[PDB]
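First, one chain by itself in structure tokens, the form deposited without S-adenosyl-1,8-diamino-3-thiooctane.
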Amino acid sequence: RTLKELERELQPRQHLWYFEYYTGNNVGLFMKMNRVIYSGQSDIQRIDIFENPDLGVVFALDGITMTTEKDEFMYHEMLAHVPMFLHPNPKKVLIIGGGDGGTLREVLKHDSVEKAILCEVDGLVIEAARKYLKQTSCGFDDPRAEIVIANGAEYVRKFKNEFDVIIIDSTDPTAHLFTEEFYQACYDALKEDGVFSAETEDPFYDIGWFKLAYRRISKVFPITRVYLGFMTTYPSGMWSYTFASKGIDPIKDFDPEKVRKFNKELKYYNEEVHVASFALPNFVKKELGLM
């Protein structure tokens, strides 16, 4: 009998583990690994893709959990649909980061989209996602999608009055995608009625960055509003996103009917959740100075 002929379904045991340390290295999440699908190193970072019995395929960058098959929909739907539904007719979209493709997948559900550019700094992330993260990279081959390997901060400044929507995802490191000038470049790249959303992390372990991102975005966009969503495998489980625009109000200019009549599948986002996500608990309001 040959090697392949002798192989059987791999059963999970209690010897292989993935440890994700949170900011501060005092708390973290651990996951059992049934098998490791891919481990690669680029000039930028390390990529690991493995299988967990409960969460399915897990994608991590430098030991930080990026996506989980069981719950990535929670994150991608909130990051993408809030600004997409708020825009009156989103045709040209720019997504910075999001090498896994999840945000692109959600953006492509909107029929108005004519072109969606996915700007990823690491080519190895795109190649690994295309081969091993099928659930999220399914939009890579869509004719409306254009994948560009570049630093988002450098790429966005090449455009002026070009995009309807700009979304900043979390897969791209920079030790650049969070400076006031970067947000100003995003503002300038957007059209007069353009909208924006950026993942702004957990107001718990990453409170310092959360406050900094809000402050910087607010210095550029007249409308800057934080919204929250559950993210069952991200640090603390309380994730924040920051919606921004040149005038469109996330509550006052929201049309629930657009969501109710939507012709695509949504596993998290809905009209009540859109409005509810903008309600901030007292401790978050205090951190942002919103009383």
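Between two forms, the rigid core is defined as the largest C-alpha subset superposing within 1.5 Å. Quick note: we count residues from 1 along the sequence shown, nothing fancier. Shifts are known only where both forms have a C-alpha.
Omitted from view is the form solved in complex with S-adenosyl-1,8-diamino-3-thiooctane, to which the following refers.
Using a 2.4 Å cut-off against backbone and C-beta atoms, S-adenosyl-1,8-diamino-3-thiooctane, superposed onto this form from its pose in the deposited bound form, places 3 or more atoms that close, and the site is blocked. Proximity to S-adenosyl-1,8-diamino-3-thiooctane in the deposited bound form, defined as a heavy atom within 4.5 Å, singles out one entry of 215, 176, 91, 130, which is 176. Among residues of the shown chain, residue 242 is not one whose heavy atoms approach S-adenosyl-1,8-diamino-3-thiooctane to within 4.5 Å in the deposited bound form. For residue 229, no non-hydrogen atom is located within 4.5 Å of S-adenosyl-1,8-diamino-3-thiooctane in the deposited bound form, even though that partner is not displayed.
In the deposited bound form, at least one heavy atom of residue 120 sits within 4.5 Å of S-adenosyl-1,8-diamino-3-thiooctane. Looking at residue 58, you'd find every heavy atom of it more than 4.5 angstroms from S-adenosyl-1,8-diamino-3-thiooctane in the deposited bound form. Stretch-level contact check against S-adenosyl-1,8-diamino-3-thiooctane in the deposited bound form with heavy atoms at 4.5 Å: of 109 to 117, 156 to 164, 73 to 81, 183 to 191, the positive one is 73 to 81. In the deposited bound form, the residues of 161 to 184 lying within 4.5 Å of S-adenosyl-1,8-diamino-3-thiooctane by at least one heavy atom are, in order, 169, 170, 171, 172, 176, 177.
Taking only residues common to both forms and fitting on the rigid core, the CA shifts of 2 Å or more between this form and the one not shown cluster into a single run of 3 or more residues at 170 to 175.
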